[PDB]
Amino acid sequence: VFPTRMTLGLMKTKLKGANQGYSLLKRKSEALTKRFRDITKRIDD
Amino acid sequence: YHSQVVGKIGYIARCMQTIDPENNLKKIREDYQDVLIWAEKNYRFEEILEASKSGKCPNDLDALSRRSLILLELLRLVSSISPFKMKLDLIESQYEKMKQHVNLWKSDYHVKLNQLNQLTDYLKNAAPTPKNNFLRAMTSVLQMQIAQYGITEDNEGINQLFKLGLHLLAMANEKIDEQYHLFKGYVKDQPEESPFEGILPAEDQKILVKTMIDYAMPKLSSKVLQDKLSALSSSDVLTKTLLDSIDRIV
Amino acid sequence: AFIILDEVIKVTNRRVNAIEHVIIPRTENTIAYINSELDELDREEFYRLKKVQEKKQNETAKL
Amino acid sequence: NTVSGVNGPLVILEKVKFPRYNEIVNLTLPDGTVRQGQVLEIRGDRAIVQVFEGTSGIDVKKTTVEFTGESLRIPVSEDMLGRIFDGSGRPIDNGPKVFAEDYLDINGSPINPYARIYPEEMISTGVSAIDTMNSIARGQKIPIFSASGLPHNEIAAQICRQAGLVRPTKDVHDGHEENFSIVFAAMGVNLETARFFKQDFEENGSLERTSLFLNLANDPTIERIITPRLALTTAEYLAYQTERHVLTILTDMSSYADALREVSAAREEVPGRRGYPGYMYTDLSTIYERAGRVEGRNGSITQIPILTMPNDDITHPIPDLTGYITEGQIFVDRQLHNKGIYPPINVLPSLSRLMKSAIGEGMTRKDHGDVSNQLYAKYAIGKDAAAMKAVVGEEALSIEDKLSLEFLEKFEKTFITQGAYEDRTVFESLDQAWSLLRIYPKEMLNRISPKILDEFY
Amino acid sequence: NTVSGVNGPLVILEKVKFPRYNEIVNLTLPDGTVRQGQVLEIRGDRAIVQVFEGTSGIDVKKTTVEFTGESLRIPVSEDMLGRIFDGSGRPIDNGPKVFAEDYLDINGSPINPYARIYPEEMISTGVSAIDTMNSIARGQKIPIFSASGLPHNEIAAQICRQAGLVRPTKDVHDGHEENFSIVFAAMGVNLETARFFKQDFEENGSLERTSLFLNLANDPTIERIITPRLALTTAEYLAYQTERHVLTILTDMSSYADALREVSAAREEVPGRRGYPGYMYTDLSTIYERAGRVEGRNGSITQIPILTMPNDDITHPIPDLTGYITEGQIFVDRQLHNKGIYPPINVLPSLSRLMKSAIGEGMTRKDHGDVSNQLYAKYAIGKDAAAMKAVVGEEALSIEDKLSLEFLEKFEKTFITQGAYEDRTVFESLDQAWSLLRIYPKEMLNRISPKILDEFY
Amino acid sequence: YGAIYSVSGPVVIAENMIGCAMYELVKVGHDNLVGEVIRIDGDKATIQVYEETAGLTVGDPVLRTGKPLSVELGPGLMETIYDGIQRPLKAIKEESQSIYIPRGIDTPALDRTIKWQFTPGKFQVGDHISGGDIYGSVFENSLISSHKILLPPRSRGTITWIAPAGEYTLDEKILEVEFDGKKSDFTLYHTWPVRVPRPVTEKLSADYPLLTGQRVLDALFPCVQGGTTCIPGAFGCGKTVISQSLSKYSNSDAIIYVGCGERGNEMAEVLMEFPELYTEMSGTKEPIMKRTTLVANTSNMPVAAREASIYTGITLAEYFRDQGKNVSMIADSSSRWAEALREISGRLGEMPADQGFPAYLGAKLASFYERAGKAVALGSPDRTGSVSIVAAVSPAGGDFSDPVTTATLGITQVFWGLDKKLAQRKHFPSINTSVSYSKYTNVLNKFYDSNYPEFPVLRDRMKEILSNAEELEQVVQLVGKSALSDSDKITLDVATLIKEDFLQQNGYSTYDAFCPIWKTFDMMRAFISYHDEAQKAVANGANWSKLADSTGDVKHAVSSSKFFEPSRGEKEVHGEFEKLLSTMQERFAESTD
């Protein structure tokens with residue numbers, strides 16, 4: 001149902017924005033877990 | 001190719017012969033002796049085209065267009081300053097200053113002469129009105145100051161008169177209050193008492209003083225003020241004391 | 001603050017895993033499918049144009 | 001004179017070029033049946049003619065040809081309304097004939113009835129969302145774009161009956177200053193949809209004042225494209241001769257483009273982009289040329305083309321080629337019909353550049369075009385917040401995403417929600433559309449002036 | 001003497017088969033204007049050739065034909081600098097002739113001089129980021145990839161104008177011990193860009209060392225496609241016969257690709273995918289076959305092609321075919337050019353595959369290899385810290401993201417920022433990059449040696 | 001002479017044609033239809049007609065006139081609307097009874113009944129003349145009298161007969177020139193080929209700016225009189241309002257409007273809207289119609305008039321530039337001319353190489369952009385002229401992968417962006433800061449340094465803030481609104497007011513008739529000073545709500561300052577710009593403290 005002529009231009013920028021948002025969410029989740037481990041150990045102590 | 005060079009050499013010789021008809025400018029005609037030498041002799045056009053095609057005459061379209069633009073700017077500046085006459089040394093100094101310029105077609109000197117010729121060209125076909133009379137007097141004072149000071153020296157009166165002429169020309173036919181206020185404000189701020197004696201007609205100063213007295217006369221309501229305003233409107237000079245006395249009486 | 005970070009970490013990991021897991025293959029397959037359909041349409045147009053130009057070459061060769 | 005060859009559905013006859021181009025020819029076969037055809041292309045010592053009555057029965061050298069000597073012209077009169085005709089002008093019941101009193105061309109080039117004037121009289125189609133966002137005037141060739149998998153013929157016939165039923169209330173508002181006429185052109189349509197459109201036209205009260213043209217998929221391709229030129233010539237001759245606003249419906253355009261694409265597959269011609277013919281824009285421009293206000297400022301011919309998207313994309317050669325010549329567009333949505341919104345019409349990709357010229361004071365509102373700019377941005381922001389809310393989640397939305405998501409659901413189910421026989425005025429559509437916009441504050445709208453927005457806010 | 005017809009840019013004339021392929025021909029028309037061209041094909045009393053000046057306006061049975069008897073070749077000489085020429089080897093200054101001394105072919109390779117030496121002895125051309133991080137040498141090629149969002153013609157004119165000034169400062173460093181020349185080729189450019197580039201190159205004082213080739217956009221495609229062959233043969237003849245380092249700049253590749261795609265409209269050859277021809281690899285290989293180190297390397301023939309993408313898509317064989325033959329690629333970002341930086345080149349996606357071979361000892365800096373990797377890692381860490389700084393915020397940003405973010409903003413306006421009339425060498429670019437890299441500590445710097453890092457901090 | 005060999009569609013072929021050129025026009029058939037042989041194949045020539053033929057048979061007589069097909073150059077072009085083939089539709093509307101191009105009728109482009117006042121120049125009998133020289137002058141309108149009657153190009157000789165000043169028609173002789181024997185007589189009208197461009201003496205650099213009235217268009221890229229600029233289309237988003245508002249808002253001496261593939265309603269609305277509207281030059285008695293040249297070509301007409309409409313408009317713009325006046329050429333759209341060339345190639349039978357379009361469409365489309373530009377006027381007088389090439393591009397395929405936009409993007413020198421999402425949101429005319437380029441900004445910066453303009457310094461910061469606003473909005477919408485600095489919020493807040501004041505136009509502002517350079521340059525100084533004052537106040541220590549509440553009436557006054565005219569206080573600067581400079585220090589000092 002997508003356009004056959006000149007349709008990959010929006011999908012390339014959408015895939016690049018989704019990859020950049022997935023990388024930023026992965027880095028924010030990694031920093032959130034890295035702070036969450038020391039917060040869990042300090043909460044236990 | 002060769003027809004544009006032959007026509008540019010003939011138009012350059014006609015513009016050079018029409019620039020100085022007395023032969024008193026040896027400096028301007030001295031630089032154009034290579035093109036005026038072939039035009040001052042009775043020869044055929046085929047001999048000039050064959051001589052130009054064989055490298056025996058001037059055939060540079062860029063140099064002939066630049067020299068024809070400088071000579072057309074000097075002849076347009078000398079013709080645009082009528083009926084006044086410029087100095088003989090001022091034409092050679094303006095031609096020497098325009099010849100040494102890097103870009104004469106991109107400077108403000110060509111736009112000032114183009115706007116000065118466009119003001120008189122637009123005012124010549126236009127009917128007689130107050131904005132055409134004030135723009136005609138400002139174009140006459142700008143033509144006298146432009147002919148006296150040249151186009152190689154800056155001046156605030158030429159730029160203010162050109163800006164007032166462009167602003168008055170850009171206005172519509174329903175802005176007589178802004179043209180009368182701009183003419184009264186520009187005339188009141190002038191250093192001279194009256195810039196119309198010997199440059200304008202005698203009926204133009206009485207028509208301008210009668211136009212200002214008729215414009216300020218409809219706001220008065222006393223008999224003494226209408227009698228003094230009607231008695232002050234019979235002067236053949238546009239002085240600042242008449243405008244200050246008319247503004248103080250209103 | 002520990003319960004807030006522990007509450008936000010599951011939503012961030014689930015959103016990053018779901019978006020990173022579901023993001024690439026739809027446009028990645030659709031772009032190659034649209035490019036393959038455009039290339040097949042261009043080759044089908046040129047293959048029909050060559051047969052039309054072949055008659056014009058033989059007709060123009062006689063002149 | 002004699003059949004030289006046959007390639008596909010077209011018959012190539014060999015004879016001298018005595019007859020002109022587009023003139024009707026007479027072909028006689030040795031079976032006791034005569035057929036008539038028109039020369040689509042003229043050549044030296046050969047001619048390509050398409051037979052209207054069938055495509056079988058040609059002979060190699062046992063047939064004869066006769067030149068009529070007259071060009072292809074359809075006789076138009078002021079009494080042809082209220083009769084049943086075909087794509088070639090013949091009846092299917094042996095009743096009423098042509099009865100023409102004037103000679104008109106099949107292309108409309110020799111008349112040129114389009115006066116130098118834009119569309120001013122706004123014709124209401126009975127839809128608040130259709131006439132509100134993309135409202136056109138009399139003479140605009142903006143057609144309704146559709147797609148596969150949805151009943152676009154029932155929505156087109158319902159909008160056609162709603163325009164004629166809404167024309168009586170709009171006649172007093174100065175929207176229409178003449179009579180109402182309907183033009184029904186069929187090309188590749190079923191008998192049930194043609195009988196339903198004829199039943200809707202007879203129920204609307206236009207059966208005795210309209211012309212019916214029938215063209216099926218089993219007929220020739222030249223008759224289907226020839227029927228819209230005769231219908232547009234009769235509507236342009238009646239609208240120019242009587243000064244009446246005539247509305248012509250040309251459906252379907254995909255069958256007319258498929259007939260022109262099928263006509264190029266039997267000759268030696270270079271094909272264009274997407275495997276289609278290169279001269280389809282010139283043939284499509286001739287049908288769209290017969291449109292606009294008539295000379296006099298009292299009549300105009302309106303054309304509403306029905307184009308169905310086969311691939312569900314606007315980048316096709318048929319929808320893009322016909323949409324490039326026309327101004328504006330109105331695209332339907334299958335998600336609106338699947339959700340329950342009747343009629344389903346989307347407002348995000350549909351935009352017209354002549355809505356300001358068709359609109360005007362005295363027959364509409366001043367802020368109707370200003371409200372569509374904020375409604376389009378709120379509709380796009382509602383789709384972006386709806387896609388971001390489902391894609392990313394409910395923990396990544398902003399404050400404007402909730403109001404845009406509620407305004408998109410309220411506007412999608414409030415403005416586009418209506419019946420199939422209830423008329424909707426422009427003032428009721430603007431009053432009902434202005435109430436749906438009040439969901440946010442006055443510091444979030446910037447597609448309208450504050451003077452006109454403060455007076456109606 | 002008898003023109004058969006004309007179809008597109010190629011004219012079909014009827015003449016004898018005595019003329020060879022690629023032979024010059026003079027077409028005399030009845031208007032009074034003589035135009036020269038090249039014979040595209042020779043057959044048995046039939047041929048199709050492309051005229052250099054115009055493609056229409058000749059008679060079919062009134063024009064005259066004449067053969068010069070010489071093949072298509074341009075005279076190569078050492079006096080080609082300081083003048084303006086055309087795409088067919090004709091001067092447009094209206095002055096003296098070429099006065100060459102050797103006959104070099106323009107449609108093929110005369111001797112095909114290509115030495116088998118590795119790439120070494122790198123020289124700069126005026127780009128700090130281009131010559132620093134992806135600096136190429138004599139023998140290797142590096143193309144520039146741009147799009148429709150930046151002045152790529154002004155970037156090629158500034159890159160060609162920046163060359164020649166680094167030879168005096170590089171001569172003291174043992175980087176250039178001979179005469180340096182530049183090859184300027186313009187295809188599909190306007191008179192304002194050619195006059196502005198000629199006045200800009202003449203204002204800096206580099207017009208006496210480079211050649212000017214101006215090709216208009218209203219000429220035939222044979223002259224635009226044959227315009228770089230005279231620059232490649234002039235650079236190969238000047239580099240081989242004179243033993244001097246010459247740099248060749250060819251812009252734009254999109255005009256040569258569109259001119260090559262517009263050709264072959266009346267032959268048996270058909271284009272490939274995307275509308276372009278399938279022989280673009282042989283066309284780019286023919287231009288790439290006349291550049292590089294000649295046998296007996298004393299000078300160098302550097303090829304720096306500038307290609308501008310009209311759509312910015314990666315589905316075309318123009319950037320992939322041009323980048324596949326070369327070693328490396330340079331990309332330009334529209335966001336860097338929109339901010340005001342000139343040139344707006346990015347060092348993140350750009351990389352050099354032969355950067356270590358081009359740099360050595362005695363003709364380049366020692367820490368230029370580690371400084372480019374440290375600047376690239378600091379630019380990537382500055383881009384990641386700048387991207388994570390918006391999500392993390394200002395009060396929760398890390399010290400490494402702020403220190404790398406300040407080095408990215410300071411390095412983006414200091415290293416990439418250059419003057420239009422200023423020439424910066426690689427030694428000044430390394431000293432400018434050392435000042436931006438001096439903000440980081442010594443413990444956070446591990447991409448260089450300790451002696452070079454302690455000596456240059 | 002010739003016979004009709006085949007007739008298919010709007011193009012007719014004629015065999016037995018020997019000795020004809022590739023530009024000579026002849027009458028096909030017995031109806032005397034106008035046409036021109038564009039191409040030929042062997043003995044049969046393919047001639048495209050400017051009228052839809054429906055009653056012409058194969059075998060009719062075809063006699064060539066013996067000269068090329070072009071338009072007439074003389075007085076009477078202004079204050080009239082013609083077609084793409086130089087045919088007056090006003091006389092054909094009343095005479096032929098049709099406002100479109102008729103069939104089987106012939107009408108000249110210049111009427112022989114209209115008389116004008118002709119005056120001779122300073123030349124006399126015996127002086128040499130050349131091509132494009134100023135031989136006389138004729139007053140065409142009552143506003144501008146610079147319509148000098150010049151000779152045709154490629155001519156030379158001496159003036160043997162000189163006519164005096166007075167009133168005469170276009171068919172009366174006023175001058176005669178013969179170099180070698182009696183060549184021919186001269187008149188007010190001149191013949192010139194439409195397919196052949198007008199020659200010039202030399203080219204000049206583009207350094208004169210031209211304001212079309214759009215603040216976002218002139219603010220995004222520097223528009224100059226003599227450059228090449230393209231306009232992106234989307235199959236209708238309000239591009240006709242930018243062309244009609246750009247043509248009516250322009251203050252040039254000449255106006256060249258030529259419709260290539262329009263529907264016909266925009267040409268009639270633009271033609272009828274020109275007499276009711278007023279210009280900025282103090283015109284009267286139809287000043288908008290008398291100052292511009294109207295060329296009306298629709299899609300319902302033949303493709304020959306639509307393809308020759310750009311050649312007639314470029315020839316009229318070359319004649320107006322050779323006359324000594326600057327004219328602005330507005331063309332829309334090039335996709336209808338390229339589709340007409342592809343329809344002529346598909347109808348004729350030529351094999352294309354552009355994915356359905358002709359292979360020669362790229363050289364013909366690229367050759368049209370090289371004809372326009374600023375340079376010295378041809379002729380012995382050496383006058384100054386300029387021609388602005390403004391051609392809007394339309395969709396003919398994909399969004400950016402079309403051959404008309406791809407081939408036209410390389411030959412152009414100025415490019416403007418177009419938001420596809422913002423175009424459907426009712427925000428036209430929109431532009432893209434990432435997709436844009438201009439080469440005349442460096443040469444225009446030198447004259448701008450003498451004029452003291454600050455347009456490019458605020459345009460670079462506005463393009464940087466508009467570029468960072470899309471990345472901040474995309475990163476905020478993608479990552480989620482959970483944390484952000486005050487610099488991105490202040491940049492998005494300045495980009496919202498800058499996009500609202502500069503992006504919103506053609507129905508979103510009160511004053512849109514004239515846009516001065518001082519108001520546009522001084523307008524960006526308030527937003528750049530507010531963004532730099534907010535970033536400097538936030539950098540030196542301050543809250544975001546304290547600075548946003550510290551601004552107050554300055555943000556609403558800066559956003560509402562676009563509705564006010566620049567005629568308050570002074571003649572070029574408003575009082576809000578002077579009061580905003582003094583109030584910006586108090587708002588920045590109060591926001592920081």
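For chain D, the PDB entry supplies the name V-type proton ATPase subunit B and the organism Saccharomyces cerevisiae. The title given to this entry in the Protein Data Bank is "Yeast V-ATPase in complex with Legionella pneumophila effector SidK (rotational state 1)". On record in UniProt, under Subcellular location, the comment for chain D is "Vacuole membrane".

Under the PDB entry, the name given to chain A is V-type proton ATPase subunit D, and the organism recorded is Saccharomyces cerevisiae.

A. Spotlight on the overall build of chain D. Scanning chain D for helices and strands turns up 13 helices and 16 strands. The C-alpha radius of gyration of chain D comes to 25 Å, within 12% of the 23 Å expected for a compact globule of 457 residues. With respect to the three principal axes, the spread of C-alpha positions in chain D is 80 × 50 × 35 Å. In chain D, once contacts between residues fewer than 6 apart in sequence are set aside, the share between residues at least 24 apart is 71%.

B. Quick peek at the overall build of chain A. Scanning chain A from terminus to terminus reveals one helix and zero strands. With the principal axes as the frame, chain A shows a C-alpha extent of 60 × 15 × 5 Å.

C. Unusual backbone geometry, seen in detail. Following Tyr342 of chain D, the chain continues to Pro343 of chain D via a peptide bond in cis, the omega torsion being 0°. Look at the link from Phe428 of chain F to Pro429 of chain F: it is a cis peptide, with omega at 0°. Relative to the helices and strands, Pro429 of chain F resides in the loop between α10 (420-424) and β24 (437-438). Non-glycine residue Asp312 of chain D carries a positive phi angle of around 70°. You can see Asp312 of chain D is positioned in the loop between β15 (300-309) and α7 (317-325).

D. Representation of the UniProt feature "binding site: ATP" in chain D within the structure. When the UniProt feature table is mapped onto this chain numbering, "binding site: ATP" sits at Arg353 of chain D. With respect to the secondary-structure elements, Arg353 of chain D resides in the loop between α8 (334-339) and α9 (355-358).

E. Focus on the pairing of strand β12 (residues 157-162) of chain F. All names here are of chain F. Here strand β10 (residues 128-129) pairs with β12 via two bridges, running antiparallel. If you follow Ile129 over to β12, its bridge partner there is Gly157. In this sheet, strand β14 (residues 175-178) lies alongside β12 in antiparallel orientation, the contact comprising four bridges. Following the sheet pairing, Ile162 is matched in β14 by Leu175.

F. Structural view of the interface of chain E and chain F. Listed as interface residues are 26 residues of chain E and, on the opposing side, 24 residues of chain F. For the side of chain E that touches chain F, the secondary-structure elements that each account for two or more residues are β1 (2-7), α7 (253-262), α10 (334-339) and α12 (368-392) of chain E. Here the residues of the side of chain E that touches chain F sort into eight nonpolar, 11 polar and seven charged. Where β1 of chain E lies against strand β4 (residues 35-41) of chain F, two bridges are found, and the strand directions are antiparallel. Looking at the pairing, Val6 of chain E lines up with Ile40 of chain F of β4 of chain F.

G. Looking closely at the pairing of strand β2 (residues 10-14) of chain D. Residue and element names in this part refer to chain D. Of the pairings in the sheet, the one linking strand β1 (residues 2-7) to β2 comprises five bridges and is antiparallel in character. Within the sheet, the bridge partner assigned to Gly5 lies in β2 and is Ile12. Linkage of β1 to β2, two consecutive antiparallel strands, is achieved through a turn of two residues, within which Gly8 is found at a positive phi near 75°. Summarising the sheet, β2 and strand β5 (residues 46-51) pair through three bridges and their orientation is antiparallel. Residue pairing in the sheet places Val11 in a bridge with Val49 of β5.

H. Looking closely at the arrangement of the chains. Sorting the six pairs of chains in contact by contact count puts chains E and F at the top. The two units chain C and chain D are non-contacting; their minimal C-alpha-C-alpha distance is 6 Å.

I. Seen up close, the environment of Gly175 of chain D. All names here are of chain D. The topology assignment puts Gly175 in the loop between α2 (152-171) and β11 (180-186). Sequence separation between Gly175 and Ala386 is 211 residues; the distance between their C-alpha atoms is 38 Å. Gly175 has contacts with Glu121, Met122 and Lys170, leaving out every residue within four places of it along the chain.

J. Highlighting the sheet that holds strand β11 (residues 180-186) of chain E. Residue and element names in this part refer to chain E. With respect to topology, eight strands assemble into an open sheet ordered β8-β12-β11-β13-β14-β10-β15-β16, the strand pairing being mixed. Looking at which strands have only one partner, the edges of the open sheet turn out to be β8 (84-85) and β16 (345-351). As defined by bridge partners, strand β10 (residues 144-146) adjoins strand β15 (residues 329-332) across two bridges and the pair is classed as parallel. Across the sheet, the residue bridging to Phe145 is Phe331, located in β15.

K. Layout of the sheet that holds strand β11 (residues 136-138) of chain F. Residues and elements named next belong to chain F. Strand order in the open sheet made by the three strands is β11-β9-β13, with antiparallel pairing throughout. Single-partner strands in this sheet number two, and they are β11 and β13 (166-169). Pairwise comparison of adjacent strand axes, ignoring direction, gives a mean angle of 40° for this sheet. With three bridges joining them, strand β9 (residues 115-120) and β11 adopt antiparallel strand pairing. Bridge assignment links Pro120 to a residue of β11, and that residue is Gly136.

L. Highlighting the interface of chain F and chain D. Each partner contributes residues to the interface: chain F has 25 residues there, and chain D has 25 residues. Broken down by secondary-structure element, the contributors of at least two residues to the side of chain F that touches chain D are β1 (2-8) and α7 (334-348) of chain F. Across the side of chain F that touches chain D, the residue classes tally to seven nonpolar, 12 polar and six charged.

Conventions and cut-offs
Residues numbered from 1 in each chain as written, not as in the entry; some residues may be left out. Chains lettered and ligands numbered in written order. Part of a larger assembly, values for the part shown. Heavy atoms only, no water. Residues with missing side-chain atoms left out of burial classes, pairs and counts. UniProt positions renumbered as here; feature names shortened; annotations may be inferred. Helix = DSSP H or I, 4+ residues; strand = E, 2+ residues; numbered from the N terminus. Rg over C-alpha atoms; globule rule 2.2 N^0.38 Å. Contact = heavy atoms within 4.5 Å. Pairing = 2+ DSSP bridges. Nonpolar A, V, L, I, M, F, W, Y, C, P; charged D, E, K, R; others polar. Axes fitted to C-alpha atoms, helices over the stretch in contact; angles between N-to-C directions.

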